[PDB]
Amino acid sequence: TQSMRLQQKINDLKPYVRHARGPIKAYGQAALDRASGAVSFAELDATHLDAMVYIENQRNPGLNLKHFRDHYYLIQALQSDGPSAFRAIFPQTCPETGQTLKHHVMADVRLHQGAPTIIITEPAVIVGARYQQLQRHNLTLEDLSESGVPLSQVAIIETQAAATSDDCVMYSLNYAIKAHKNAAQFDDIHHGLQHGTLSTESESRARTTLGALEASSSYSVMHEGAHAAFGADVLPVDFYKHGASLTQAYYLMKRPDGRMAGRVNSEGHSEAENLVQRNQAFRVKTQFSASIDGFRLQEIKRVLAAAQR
């Protein structure tokens, strides 16, 4: 697929798709076609998300991942007897219509004895080219607040890893898994949020699209109390592995704190791989990393593997 790493993921998935039947087979073929260089995946990913969530919860007990069809049901889950730690994927909602509009995000949640803390990871941008994502995030914050969640215990972390919103379900799913794998670091962020604080926010918020808008307008444009920061400042390099942009990867590795500049593949591998090397390994053709499309192939394979053994 012009990319040997991607082609290997294509070849690994193909026989499962051949033996599969029904909607999941079609989903697999579409994903294969996409990785090969061949309609709207936000809707397709979302349709099959429950199956992948169900599988991943089994592969990694404690992941506690849920797909909610609206953030309304996230709020309901905060008012129930479930686990103290869980993750949620949900689409954004248009305030004027109640219509859900994809543009998914991942929320990592902690319940506390006896005022939850909530980290929302935004794989694209908080504000949006037509300020639509900002309005959708404000709706979530507004509803959280009205339900009794202090927004000072809520953070929206903007990573800008996604170049478009077409793959946001896959970024959100990947992000849920990474949040679980890095639960200790998330635990620490939640502890801060219990005290109404987010580390690095005093500098990091200004680096986000939200921060730019706040500085430009001198207006409060996000509901007061909620925190925001740029992904690289507060999250591990894990969250940038599927970043589309080669140049982003380059600049992230240039950061003085070196936090984005280490190994990104597991140690079991003979040769180490950093963020730029990974991006180039998944480069396809105007050039971008199709790594996230590889992640989708991996997830479908995991689902079909359960169905076929």
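In case it trips you up, residue 1 is the first one in the sequence shown, and so on.
Asks: Select one of none, 1 to 3, 4 to 9, or 10 or more to describe the deposited residues without coordinates separating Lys285 and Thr286.
Replies: Missing in between: 10 or more residues.
Asks: On mean Cα temperature factor in this entry, is 299-307 or 1-9 the higher one?
Replies: The stretch with the larger mean CA B-factor is 1-9.
Asks: Between 27-35 and 45-53, point out the one with the higher average CA B-factor as the PDB entry records it.
Replies: Looking at the record's C-alpha B-factors, the answer is 27-35.
Asks: Between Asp166, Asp81, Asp187, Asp238, where does the Cα B-factor run highest in the record?
Replies: Top of the list by C-alpha B-factor: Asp81.
Asks: Among the choices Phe90, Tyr171, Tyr219, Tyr72, identify the one whose CA B-factor in the record is greatest.
Replies: Largest recorded C-alpha B-factor: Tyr219.
Asks: Would the CA B-factor of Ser202 place it in the lowest, middle or highest third of its chain?
Replies: Highest third.
Asks: Splitting the chain's C-alpha B-factors into thirds, which one does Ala20 fall into?
Replies: CA B-factor rank for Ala20: highest third.
Asks: Of the three thirds of its chain by CA temperature factor, lowest, middle or highest, which one includes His112?
Replies: CA B-factor rank for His112: highest third.
Asks: Thinking about Cα B factors across the chain, which third does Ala161 belong to?
Replies: It falls in the bottom third of the chain.
Asks: Sorting the chain's CA B-factors, does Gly243 end up in the lowest, middle or highest third?
Replies: As the PDB entry reports it, the C-alpha B-factor of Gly243 lands in the lowest third of its chain.
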